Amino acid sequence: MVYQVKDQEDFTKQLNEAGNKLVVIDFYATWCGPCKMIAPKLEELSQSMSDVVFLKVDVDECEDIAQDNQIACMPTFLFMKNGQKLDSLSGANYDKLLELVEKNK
């Protein structure tokens, strides 16, 4: 599953529940074409990779979180582990997403 982050507190809770697992966070908007395009692929990946945590943040609903992460070009995928940033990807390039997951899991 790809869990929808509710607010800053929820984001923190989810980053903790991940323990030592890679966390992939999709910063998106409902008005974003490329975002809607790649969302099903992220969901598919999440169903198989139980050792990676997949989250999504609607930038319209969590503007404070978007500002914290210097989001600009969507979808943006942020890669974190133990609450710390490892990498970031701008745009819906699925191959680059898989490469960064392989690298950081």
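Start at 1 and count along the sequence shown; that's the residue number.
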(request) Decide which of the stretches 21 to 29 and 87 to 95 has the higher mean C-alpha B-factor, going by the entry. (result) 87 to 95
(message) Per the record, averaged over C-alpha atoms, which has the higher B-factor: 69 to 77 or 40 to 48?
(response) 69 to 77
(message) Based on the deposited C-alpha B factors for this chain, I'd like to know if residue 61 is in the lowest, middle or highest third.
(response) middle
(request) Quick one: classify residue 1 as lowest, middle or highest third of the chain based on its Cα B-factor. (result) highest
